[PDB]
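To start, the structure under review is shown below, and the notes come after it.
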Amino acid sequence: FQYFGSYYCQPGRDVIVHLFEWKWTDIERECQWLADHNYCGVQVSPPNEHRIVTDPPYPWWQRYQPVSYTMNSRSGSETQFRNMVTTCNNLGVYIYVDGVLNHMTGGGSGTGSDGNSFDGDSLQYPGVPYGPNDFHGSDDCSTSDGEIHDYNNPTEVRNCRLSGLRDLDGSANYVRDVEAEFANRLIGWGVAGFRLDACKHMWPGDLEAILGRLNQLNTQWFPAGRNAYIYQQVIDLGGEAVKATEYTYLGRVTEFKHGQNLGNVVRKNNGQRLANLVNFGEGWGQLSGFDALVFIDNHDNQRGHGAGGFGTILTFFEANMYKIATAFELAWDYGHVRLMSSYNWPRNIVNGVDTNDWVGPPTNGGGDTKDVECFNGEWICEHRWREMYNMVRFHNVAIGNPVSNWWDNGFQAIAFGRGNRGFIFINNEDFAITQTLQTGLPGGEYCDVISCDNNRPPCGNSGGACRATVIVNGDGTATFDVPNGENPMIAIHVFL
Ligand SMILES: [Ca+2]
Ligand SMILES: [Cl-]
């Protein structure tokens, strides 16, 4: 068998970013910034021909309804996609395609983003081509409306329609061949891997058959004999018949418990305590780190589509807590870390549901997408926040070192190091703390990289609130004066 859960990064780089609904021209430009800040790669929105939905006007979710496997999408043309992949690969920042293989469109008919028609009522997709024989139907799904209802029934979850999305027959050799041709075309252009959408709704054996058809990566950039990187979106918070552990033999799996648990802890929901993170990871009932793709939020659950609705998951709308959770995730050693990168929208929670959760990316109309301008109130650019990218640098310097020198106060303050490379103190209490601890670091003067620009003096004050330098004594102990409130954490580390 082939295993696909191993990614490939340039030395010093590891973290990936979901540039949600970014155009190809903007990602191509961003790859220089990403390389300079030693990110490893970018998850891109579905790049194949997708539905154009005009009621409501051009929602983000139209891109999760494929119309064909041509490569003209809201983010740009096939030419712009290949320009992006070439430029990014040449910079050592790789591309992971959001691959939508479980389904085509919902009901109704229309014209996709590349001019091909679709008809969900007659199951006709002439741009592929698919017809009714290529879909699950009444022979495979016994629910009255043909949709999924009982998530304790794996056959229903995998053969019925997710919210009416016409469900492809992944057991058929024709569908397996067509979908592998799509993936291999993108690998041939230089794509490094795939975020596979809706994997809980597909049979592992069908995924195995598709992945077995894949070509290895393009040796213009990648080592000879290297499998594509595959991570699978499987939503598994327990209490269902489909499990994340069914998919880990194929590749990595999205661990949604990770963001649920860190969200509840940092929010202090129902008496949670930051000190409980002392054993965070697989010991919390999660996937092993080697099999997991981890993240604080993603494009679905920042819109309330995850467990709890709103109130557990942390997003850029809860920026201070979001930064605390992301800093912990980046400083810890658990999973392949993905950072969400978002756009603003008029989130309007009524009875626990966002009435405006459909709104697409910043647009001037007609279904276009604006050019990105970070921090303009429309593009959030979390990956460009100093607290984020400086903790990515911390994460990179710490690579290969275990967690060491753990301390906690029993409640909402913790601290720990990564070997002799970095140390972080997180004060989620409502009072200030002065505490001397073994940091494990060599004696010297360090800057707090949460508030400052650099890791050593001169610390750099581009954010205006760079804290006083931290002195690590000869014995490695440092005295941490850590305040409560905004950015209530100090992180120090050595040079690469
Ligand atoms: Ca299915
Ligand atoms: Cl995901």
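Convention: chains lettered A, B, ... in structure tokens order; per-chain residue numbering from 1; ligands numbered from 1 as shown.
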> Could you pull out the strand (DSSP E) residues of region 365-450 of chain A from DSSP and send them as a ChimeraX atom specification?
Replying inline: /A:403-408,413-418,422-427,433-438,444-446
Store the residues picked out above in a file with N, CA, C and O atoms, as an mmCIF file, in the first residue's frame.
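Writing done, so here's selection03.cif:
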data_model
loop_
_atom_site.group_PDB
_atom_site.id
_atom_site.type_symbol
_atom_site.label_atom_id
_atom_site.label_comp_id
_atom_site.auth_asym_id
_atom_site.auth_seq_id
_atom_site.Cartn_x
_atom_site.Cartn_y
_atom_site.Cartn_z
ATOM 1 N N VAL A 403 8.516 19.099 24.732
ATOM 2 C CA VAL A 403 8.051 20.008 25.772
ATOM 3 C C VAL A 403 8.850 19.753 27.042
ATOM 4 O O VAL A 403 9.025 18.602 27.462
ATOM 5 N N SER A 404 9.331 20.822 27.668
ATOM 6 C CA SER A 404 10.133 20.690 28.873
ATOM 7 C C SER A 404 9.830 21.845 29.815
ATOM 8 O O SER A 404 9.300 22.883 29.411
ATOM 9 N N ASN A 405 10.178 21.643 31.086
ATOM 10 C CA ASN A 405 10.053 22.680 32.112
ATOM 11 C C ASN A 405 8.624 23.200 32.246
ATOM 12 O O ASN A 405 8.392 24.404 32.373
ATOM 13 N N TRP A 406 7.654 22.281 32.203
ATOM 14 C CA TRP A 406 6.263 22.644 32.420
ATOM 15 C C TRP A 406 6.064 23.211 33.818
ATOM 16 O O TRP A 406 6.578 22.673 34.802
ATOM 17 N N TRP A 407 5.277 24.279 33.897
ATOM 18 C CA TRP A 407 4.809 24.846 35.153
ATOM 19 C C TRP A 407 3.361 25.272 34.986
ATOM 20 O O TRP A 407 2.939 25.674 33.900
ATOM 21 N N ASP A 408 2.589 25.171 36.065
ATOM 22 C CA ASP A 408 1.282 25.801 36.083
ATOM 23 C C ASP A 408 0.960 26.190 37.516
ATOM 24 O O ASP A 408 1.588 25.712 38.461
ATOM 25 N N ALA A 413 -2.894 29.802 34.616
ATOM 26 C CA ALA A 413 -1.563 30.176 34.146
ATOM 27 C C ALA A 413 -0.711 28.933 33.943
ATOM 28 O O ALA A 413 -0.658 28.057 34.816
ATOM 29 N N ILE A 414 -0.022 28.873 32.794
ATOM 30 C CA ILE A 414 0.912 27.802 32.480
ATOM 31 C C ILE A 414 2.162 28.412 31.863
ATOM 32 O O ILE A 414 2.175 29.562 31.418
ATOM 33 N N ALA A 415 3.216 27.614 31.837
ATOM 34 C CA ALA A 415 4.438 27.977 31.139
ATOM 35 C C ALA A 415 5.179 26.695 30.811
ATOM 36 O O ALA A 415 5.065 25.698 31.529
ATOM 37 N N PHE A 416 5.929 26.724 29.712
ATOM 38 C CA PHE A 416 6.703 25.561 29.317
ATOM 39 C C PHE A 416 7.703 25.976 28.255
ATOM 40 O O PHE A 416 7.565 27.019 27.609
ATOM 41 N N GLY A 417 8.723 25.141 28.087
ATOM 42 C CA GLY A 417 9.740 25.360 27.088
ATOM 43 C C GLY A 417 9.743 24.253 26.048
ATOM 44 O O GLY A 417 8.995 23.275 26.134
ATOM 45 N N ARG A 418 10.596 24.447 25.052
ATOM 46 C CA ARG A 418 10.857 23.442 24.027
ATOM 47 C C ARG A 418 12.366 23.225 24.033
ATOM 48 O O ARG A 418 13.116 24.010 23.440
ATOM 49 N N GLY A 422 13.180 27.562 23.227
ATOM 50 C CA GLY A 422 12.172 28.580 23.451
ATOM 51 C C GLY A 422 11.389 28.295 24.709
ATOM 52 O O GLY A 422 11.358 27.165 25.203
ATOM 53 N N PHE A 423 10.737 29.339 25.217
ATOM 54 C CA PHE A 423 9.940 29.226 26.433
ATOM 55 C C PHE A 423 8.778 30.200 26.333
ATOM 56 O O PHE A 423 8.941 31.309 25.818
ATOM 57 N N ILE A 424 7.592 29.780 26.780
ATOM 58 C CA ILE A 424 6.407 30.626 26.726
ATOM 59 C C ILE A 424 5.698 30.583 28.076
ATOM 60 O O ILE A 424 5.640 29.534 28.730
ATOM 61 N N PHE A 425 5.195 31.742 28.500
ATOM 62 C CA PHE A 425 4.400 31.914 29.717
ATOM 63 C C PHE A 425 3.048 32.484 29.313
ATOM 64 O O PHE A 425 2.985 33.531 28.663
ATOM 65 N N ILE A 426 1.962 31.810 29.693
ATOM 66 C CA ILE A 426 0.617 32.231 29.317
ATOM 67 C C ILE A 426 -0.175 32.491 30.588
ATOM 68 O O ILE A 426 -0.391 31.573 31.385
ATOM 69 N N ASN A 427 -0.638 33.718 30.763
ATOM 70 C CA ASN A 427 -1.390 34.086 31.959
ATOM 71 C C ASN A 427 -2.828 34.389 31.548
ATOM 72 O O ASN A 427 -3.139 35.502 31.114
ATOM 73 N N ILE A 433 1.064 38.217 37.397
ATOM 74 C CA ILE A 433 1.917 37.206 38.016
ATOM 75 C C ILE A 433 3.376 37.614 37.862
ATOM 76 O O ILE A 433 3.792 38.096 36.802
ATOM 77 N N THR A 434 4.144 37.433 38.934
ATOM 78 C CA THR A 434 5.598 37.544 38.923
ATOM 79 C C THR A 434 6.141 36.200 39.387
ATOM 80 O O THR A 434 5.885 35.791 40.523
ATOM 81 N N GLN A 435 6.858 35.499 38.505
ATOM 82 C CA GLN A 435 7.246 34.116 38.776
ATOM 83 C C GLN A 435 8.600 33.806 38.151
ATOM 84 O O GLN A 435 8.797 34.048 36.958
ATOM 85 N N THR A 436 9.516 33.247 38.947
ATOM 86 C CA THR A 436 10.822 32.803 38.462
ATOM 87 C C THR A 436 10.773 31.307 38.165
ATOM 88 O O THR A 436 10.347 30.522 39.015
ATOM 89 N N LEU A 437 11.195 30.918 36.957
ATOM 90 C CA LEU A 437 11.101 29.530 36.511
ATOM 91 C C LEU A 437 12.345 29.123 35.742
ATOM 92 O O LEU A 437 12.985 29.946 35.087
ATOM 93 N N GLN A 438 12.652 27.828 35.790
ATOM 94 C CA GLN A 438 13.653 27.260 34.894
ATOM 95 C C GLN A 438 13.110 27.303 33.469
ATOM 96 O O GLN A 438 12.167 26.579 33.138
ATOM 97 N N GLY A 444 21.062 35.220 29.061
ATOM 98 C CA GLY A 444 21.144 36.317 28.121
ATOM 99 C C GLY A 444 19.908 37.187 28.175
ATOM 100 O O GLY A 444 19.007 36.990 28.991
ATOM 101 N N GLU A 445 19.888 38.163 27.271
ATOM 102 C CA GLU A 445 18.790 39.109 27.145
ATOM 103 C C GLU A 445 17.889 38.684 25.998
ATOM 104 O O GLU A 445 18.355 38.531 24.865
ATOM 105 N N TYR A 446 16.602 38.524 26.288
ATOM 106 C CA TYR A 446 15.616 38.110 25.300
ATOM 107 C C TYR A 446 14.494 39.130 25.216
ATOM 108 O O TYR A 446 14.164 39.794 26.203
#
>> How would you report the residues lying within 8 Å of ligand 1, as a list in words, if you count only C-alpha atoms and all ligand atoms?
In response: residues 102, 103, 136, 157, 158, 159, 160, 161, 162, 167, 168, 169, 170, 201, 202 and 203 of chain A
Contact check, region 153-222 of chain A to region 245-266 of chain A, at most 10 Å, counting only C-alpha atoms, closest pairs as JSON lines:
{"residue": "A:195", "atom": "CA", "partner": "A:254", "partner_atom": "CA", "distance": 9.1}
{"residue": "A:196", "atom": "CA", "partner": "A:253", "partner_atom": "CA", "distance": 9.4}
{"residue": "A:199", "atom": "CA", "partner": "A:247", "partner_atom": "CA", "distance": 8.4}
{"residue": "A:200", "atom": "CA", "partner": "A:247", "partner_atom": "CA", "distance": 8.7}
{"residue": "A:203", "atom": "CA", "partner": "A:247", "partner_atom": "CA", "distance": 9.2}
{"residue": "A:204", "atom": "CA", "partner": "A:247", "partner_atom": "CA", "distance": 6.2}
{"residue": "A:205", "atom": "CA", "partner": "A:247", "partner_atom": "CA", "distance": 9.5}
{"residue": "A:207", "atom": "CA", "partner": "A:250", "partner_atom": "CA", "distance": 8.0}
{"residue": "A:208", "atom": "CA", "partner": "A:250", "partner_atom": "CA", "distance": 6.7}
{"residue": "A:211", "atom": "CA", "partner": "A:250", "partner_atom": "CA", "distance": 8.3}
{"residue": "A:212", "atom": "CA", "partner": "A:250", "partner_atom": "CA", "distance": 10.0}
Next, dump the selected residues to file, keeping only C-alpha atoms, as a compact mmCIF listing (two decimals), in the first residue's frame.
# COMPACT_ATOMS: atom_id res chain seq x y z
CA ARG A 195 -7.29 18.82 1.59
CA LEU A 196 -10.01 16.28 0.79
CA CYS A 199 -14.29 12.40 3.62
CA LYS A 200 -16.68 11.09 6.30
CA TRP A 203 -15.88 5.01 1.82
CA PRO A 204 -12.22 4.60 2.86
CA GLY A 205 -11.91 1.84 0.26
CA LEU A 207 -10.51 6.84 -1.28
CA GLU A 208 -7.87 4.09 -1.24
CA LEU A 211 -5.23 7.49 -4.13
CA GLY A 212 -3.73 4.32 -5.62
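Environment of ligand 2, defined as every protein or nucleic acid residue with an atom within 8 Å of it and counting only C-alpha atoms and all ligand atoms, comprises residues 195, 197, 232, 233, 234, 254, 298, 299 and 300 of chain A.
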> Could you write out, as a VMD selection string, all the residues of region 379-471 of chain A that DSSP marks as alpha helix (DSSP H)?
Replying inline: chain A and resid 386 to 397
Store the residues picked out above in a file with N, CA and C atoms, as a tab-separated table (two decimals), in the first residue's frame.
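Dumped everything to result26.tsv:
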chain	number	residue	atom	x	y	z
A	386	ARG	N	1.34	39.87	13.92
A	386	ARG	CA	2.66	39.66	14.52
A	386	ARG	C	2.63	38.54	15.54
A	387	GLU	N	1.58	38.49	16.37
A	387	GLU	CA	1.50	37.43	17.38
A	387	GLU	C	1.48	36.05	16.72
A	388	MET	N	0.89	35.95	15.53
A	388	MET	CA	0.87	34.68	14.81
A	388	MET	C	2.24	34.37	14.20
A	389	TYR	N	2.73	35.26	13.33
A	389	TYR	CA	3.95	34.90	12.60
A	389	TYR	C	5.17	34.86	13.51
A	390	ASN	N	5.18	35.62	14.62
A	390	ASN	CA	6.28	35.45	15.56
A	390	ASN	C	6.18	34.13	16.31
A	391	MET	N	4.97	33.63	16.56
A	391	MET	CA	4.86	32.29	17.13
A	391	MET	C	5.11	31.20	16.10
A	392	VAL	N	4.92	31.47	14.81
A	392	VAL	CA	5.38	30.54	13.79
A	392	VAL	C	6.90	30.46	13.81
A	393	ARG	N	7.59	31.60	13.93
A	393	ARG	CA	9.04	31.57	14.08
A	393	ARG	C	9.46	30.80	15.34
A	394	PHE	N	8.78	31.03	16.47
A	394	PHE	CA	9.03	30.25	17.69
A	394	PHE	C	8.88	28.76	17.41
A	395	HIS	N	7.76	28.39	16.78
A	395	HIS	CA	7.49	27.01	16.41
A	395	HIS	C	8.62	26.43	15.56
A	396	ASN	N	9.13	27.22	14.61
A	396	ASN	CA	10.19	26.73	13.72
A	396	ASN	C	11.49	26.52	14.48
A	397	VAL	N	11.86	27.47	15.34
A	397	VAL	CA	13.09	27.34	16.12
A	397	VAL	C	13.01	26.15	17.06
>> Can you tell me which residues surround residue 213 (chain A) at a distance of at most 10 Å, considering only C-alpha atoms, apart from same-chain residues fewer than 6 positions away, and format the answer as a PyMOL selection string?
In response: chain A and resi 176-177+179-181+183-184
If you keep N, CA, C and O atoms, can you produce a file of those selected residues as a short mmCIF file (atom, residue, chain, number, x, y, z; two decimals), in the first residue's frame?
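Saved file selection-v3.cif follows:
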data_model
loop_
_atom_site.label_atom_id
_atom_site.label_comp_id
_atom_site.auth_asym_id
_atom_site.auth_seq_id
_atom_site.Cartn_x
_atom_site.Cartn_y
_atom_site.Cartn_z
N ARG A 176 -13.78 6.77 -10.20
CA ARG A 176 -12.42 6.72 -9.67
C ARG A 176 -11.41 7.22 -10.70
O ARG A 176 -10.49 7.97 -10.37
N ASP A 177 -11.56 6.79 -11.96
CA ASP A 177 -10.64 7.23 -13.01
C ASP A 177 -10.76 8.73 -13.28
O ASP A 177 -9.75 9.42 -13.47
N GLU A 179 -11.85 11.14 -11.26
CA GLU A 179 -11.37 11.95 -10.15
C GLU A 179 -9.85 11.87 -10.02
O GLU A 179 -9.20 12.87 -9.72
N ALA A 180 -9.27 10.71 -10.29
CA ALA A 180 -7.81 10.62 -10.28
C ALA A 180 -7.19 11.42 -11.42
O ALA A 180 -6.11 11.99 -11.25
N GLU A 181 -7.86 11.48 -12.58
CA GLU A 181 -7.33 12.28 -13.67
C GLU A 181 -7.26 13.75 -13.26
O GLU A 181 -6.27 14.43 -13.55
N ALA A 183 -7.01 14.96 -10.11
CA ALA A 183 -5.92 15.11 -9.15
C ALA A 183 -4.55 15.01 -9.82
O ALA A 183 -3.64 15.79 -9.50
N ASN A 184 -4.39 14.07 -10.76
CA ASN A 184 -3.09 13.92 -11.43
C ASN A 184 -2.76 15.11 -12.33
O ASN A 184 -1.58 15.46 -12.46
#
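In this model, the gap between CA of residue 287 (chain A) and CA of residue 402 (chain A) comes to 18.3 Å.
When only C-alpha atoms are used to compute distances to residue 380 (chain A), the closest of the residues A:3, A:135, A:20, A:33 turns out to be A:20.
Atom to atom, CA of residue 449 (chain A) and CA of residue 327 (chain A) stand 11.0 Å apart.
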> Could you pull the residues within 12 Å of residue 193 (chain A), counting only C-alpha atoms, minus those fewer than 4 positions along the same chain, as a VMD selection string?
Replying inline: chain A and resid 4 to 9 16 41 to 44 85 94 to 99 183 to 189 211 214 to 218 222 226 to 232 251 to 252
>> Could you list, as a PyMOL selection string, every residue within 9 Å of residue 40 (chain A), counting only C-alpha atoms and ignoring same-chain residues fewer than 4 positions away?
In response: chain A and resi 8-10+12-17+34-35+92-94
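Excluding region 64-79 of chain A itself and any same-chain residue fewer than 4 positions from it, the protein and nucleic acid residues within 7 Å of it, counting only C-alpha atoms, are residues 21, 22, 23, 24, 47, 48, 49, 50, 51, 83, 100, 104, 105, 112, 113, 114, 118, 125, 127, 128, 182 and 368 of chain A.
From CA of residue 303 (chain A) back to CA of residue 374 (chain A), the distance works out to 20.5 Å.
Take the candidates A:133, A:288, A:163, A:342 and check each one against residue 147 (chain A) using only C-alpha atoms; the shortest distance goes to A:163.
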Shell around residue 431 (chain A) at 10 Å using only C-alpha atoms, local window under 3 positions removed, as a PDB file with C-alpha atoms, in the first residue's frame:
ATOM      1  CA  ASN A 427      -1.390  34.086  31.959  1.00  0.00           C
ATOM      2  CA  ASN A 428      -5.117  33.567  31.349  1.00  0.00           C
ATOM      3  CA  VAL A 482       3.269  38.640  33.064  1.00  0.00           C
ATOM      4  CA  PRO A 483       0.206  40.931  33.039  1.00  0.00           C
ATOM      5  CA  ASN A 484      -3.448  40.059  32.505  1.00  0.00           C
ATOM      6  CA  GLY A 485      -5.606  41.358  29.663  1.00  0.00           C
TER       7      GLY A 485
END
